[PDB]
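J.: need a 3D model of the following:
(one chain, ligands or ions: 2)
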Amino acid sequence: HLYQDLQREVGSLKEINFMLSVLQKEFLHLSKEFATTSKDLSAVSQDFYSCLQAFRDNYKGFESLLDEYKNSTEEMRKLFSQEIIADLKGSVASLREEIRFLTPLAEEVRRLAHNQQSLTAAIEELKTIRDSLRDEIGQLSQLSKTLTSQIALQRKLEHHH
Ligand code: NA
Ligand code: NA
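T.: Numbers count the residues shown, from 1 in each chain. Ligands and ions are numbered 1, 2, ... in the order given. Here you go:
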């Protein structure tokens, strides 16, 4: 019931992995389209590729962590503290909300540029989203890395049985 509870809360990680694959390329494309129009917008759009790639690099690790929680022992669950579970839930929820904001901005920038409108607010929003995603994907990455290492060490120390 704990695993079915957290899994419901976090949702499909594969869905996030796929959507970030789509969006990282959409924004690399945008970065090439505007290289000679807005240096500033091109730079932030290019930044999004590596920012989103960090989640994909860690995707197998995140799925593995969820599986470990699914098959957890009484000793393993102590590593899954309430603080850590809350951090997992809140960073994944943050990713989903940020993606909701990020998705329409590529076309919005294309539309603004066509009608010669100011790109300032779009660039500011893209910078804010990039920084937020960097923070949350990095927190998720570190959380998963630490927990998996702790689980491995606990199992290694149980090997004597
Ligand atoms: Na596309
Ligand atoms: Na968090």
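
J.: dump the residue contacts of the residue nearest the centre of the chain.
T.: Nearest to the mean C-alpha position of the chain, by CA atoms, centre = their mean, lies residue 137 at 4.2 Å. By CB atoms under 8 Å, 6 or more residues apart in numbering, the contact set of residue 137 is 51-52, 54-55, 58, 91, 95. C-beta here means a position set from N, CA and C on the backbone, and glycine is covered the same way.

J.: now with 7 Å?
T.: 54-55 (CB atoms under 7 Å, 6 or more residues apart in numbering).

J.: helix or strand: which one has it?
T.: Residue 137 is part of helix 120-158, with elements assigned from DSSP states H and E.

J.: now residue 6
T.: Per DSSP H and E: helix 2-10 holds residue 6.

J.: briefly note if that helix comes near ligand 2.
T.: No. On the criterion CB under 5 Å from the ion, helix 2-10 is out of touch with ligand 2, staying 11.8 Å away.

J.: so which bits of that helix are buried?
T.: Buried residues in helix 2-10, defined by neighbour count with 16 or more other CB atoms under 10 Å: 6, 10.

J.: now do the following helix or strand past it against helix 2-10, angle only.
T.: Tracing the chain past helix 2-10, the next element assigned as helix or strand by DSSP H and E is helix 13-33. Interaxial angle, helix 13-33 versus helix 2-10 (axes from the mean of the first three to the mean of the last three CA atoms, to 10 degrees): 30 degrees.
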